[PDB]
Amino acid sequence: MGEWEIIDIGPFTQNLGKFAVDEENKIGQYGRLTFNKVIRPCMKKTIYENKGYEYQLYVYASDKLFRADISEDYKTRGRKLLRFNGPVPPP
């Protein structure tokens, strides 16, 4: 447990980007954002296999680049946006 990996940027990961954007738009500090895409590198920490995971993402939204931190409850499939900041310099 506790392993950090660099993971794919496929549909699971792109959907983490949409979640982050959808969650932040309900807050509104960053305006009304349009999800564009998630870019490499996407990092994932295994807090405990099949139970807890954490993600660090670079996400493009309304043509600006942001960094988001997302937790995931593997059993409920529920997610929480812990952090959304930017614009950030590219990786």
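Quick note: we count residues from 1 along the sequence shown, nothing fancier.
In the PDB entry, residue 33 places in the lowest third of its chain by CA B-factor. Residue 45 sits in the middle third of its chain by CA B factor, as recorded in the PDB entry. Residue 59: CA B factor in the lowest third of modelled residues in this chain (values from the PDB entry). When the CA B factors of the chain's modelled residues are split into thirds, the value for residue 16 lands in the middle one.
Remark: residue 3 belongs to the highest third of its chain, ranked by C-alpha B-factor as recorded.
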